[PDB]
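Visitor: Sequence first, structure after, both from an experimental entry:
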Amino acid sequence: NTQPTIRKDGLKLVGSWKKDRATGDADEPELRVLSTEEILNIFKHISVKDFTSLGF
Amino acid sequence: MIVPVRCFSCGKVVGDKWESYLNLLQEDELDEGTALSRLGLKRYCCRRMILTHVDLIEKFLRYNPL
Amino acid sequence: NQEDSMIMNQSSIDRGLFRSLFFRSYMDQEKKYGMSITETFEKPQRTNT
Amino acid sequence: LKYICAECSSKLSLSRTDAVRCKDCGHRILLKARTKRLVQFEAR
Ligand SMILES: [Zn+2]
Ligand SMILES: [Zn+2]
């Protein structure tokens, strides 16, 4: 999968999935608000050694 | 390419005898003549196919499928 | 049968006499001009081509 | 339920611009997964 670029606005986090997997360039990114629950879920899955690497 | 059914000449049910013919010719080492005769094919019309059929399907099936 | 013609049993044909398979194939692939301005393999819409 | 290649017949199920080569093996065959539809043939 492709990690979208993350931009900041007020108290929300948005991501730009450019995604370009069409034969044509298809410049059409998706601006989707990262729902906090999915961020919490993905954080729950981080390896313990990552914390040490990530300074946690 | 299995034994056909329904002799082109007559149409009698043929093919159900295939296993019997194969084994009979094998463990009893009789000639085809008596083999087909006891098989019960008096007319030669049926006789031709069982006489001159090649079951290619064996050579087919040797391939690992998929 | 006059003049080298012949007659064959409809019923025999029915039962399988002289039946035949028949195979045709087709060839196709993409094309390149760059700077890959290439074609595609997809159902074109009415208002496309 | 979209693509199968030779002798490692696992469901490839690739979609588009997605590394045509088989995941499992280095084959490049990819048979096209005969339809789930139904057909009519005549006994004759
Ligand atoms: Zn017969
Ligand atoms: Zn493979």
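Guide: Received the coordinates, thanks. Numbering: from 1, shown residues only, chains lettered A, B, ... in the order given. Ligands and ions are numbered 1, 2, ... in the order given.

Visitor: how many neighbours does residue 27 have?
Guide: Just going to use chain A. 8 (other Cβ atoms under 10 Å in any protein chain shown). In short, each C-beta sits where N, CA and C put it, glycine included.

Visitor: could you do chain D instead?
Guide: When neighbours are counted by other Cβ under 10 Å, residue D:27 comes out with 12.

Visitor: OK, contacts around the closest residue to it other than its chain neighbours?
Guide: Once flanking residues are discounted, residue D:27 sits nearest to residue D:5: 4.5 Å by Cβ to Cβ, 6 or more residues apart in numbering or on different chains. Contacts here follow Cβ atoms under 8 Å, 6 or more residues apart in numbering or on different chains; on that basis residue D:5 touches D:12, D:22, D:25, D:27, D:28, D:29, D:30, D:31.

Visitor: Quick check: the gap between residue B:8 and residue A:35.
Guide: As judged by Cβ to Cβ, to the nearest Å, residue B:8 and residue A:35 stand 73 Å apart.

Visitor: Same drill for these two, tell me which one is more crowded.
Guide: For residue B:8 versus residue A:35, neighbours defined as other Cβ under 10 Å are more numerous around residue B:8 (20 against 11).

Visitor: can you pull the contacts of that one?
Guide: Residue B:8 sits in contact with B:49, C:9, C:12, C:15, C:16, C:17, where contact means Cβ under 8 Å, 6+ apart.

Visitor: of all those, which two lie farthest apart?
Guide: Of all pairs drawn from the contacts of residue B:8, the greatest distance, 15.0 Å, lies between B:49 and C:9 (Cβ to Cβ).

Visitor: Give me the more crowded residue out of these two.
Guide: Set residue B:49 next to residue C:9 and count neighbours by other Cβ under 10 Å: residue B:49 wins out with 18 against 11.

Visitor: Then that one would be within a strand, right?
Guide: No - according to DSSP: H, G, I helix; E, B strand; the rest coil, residue B:49 belongs to no strand; its state is helix.

Visitor: Please report the distance of it from residue D:41.
Guide: In terms of Cβ to Cβ, residue B:49 sits 24 Å off from residue D:41.

Visitor: where exactly do the helices run in chain C?
Guide: With DSSP state H, the ranges of helices along chain C come out as C:10-15.

Visitor: go on, chain B?
Guide: Using DSSP H, helices in chain B cover B:18-27, B:32-39, B:44-51, B:57-61.

Visitor: ranking these by burial, who's on top?
Guide: Ranked by mean neighbour count, the helices of chain B are led by helix B:44-51 with a mean of 17 (mean count of other Cβ atoms under 10 Å in any protein chain shown).

Visitor: In terms of secondary structure, what does that helix contact?
Guide: On a contact count with 3 or more Cβ pairs under 8 Å, 6 or more residues apart in numbering or on different chains; DSSP states H and E, helix B:44-51 meets helix B:32-39.
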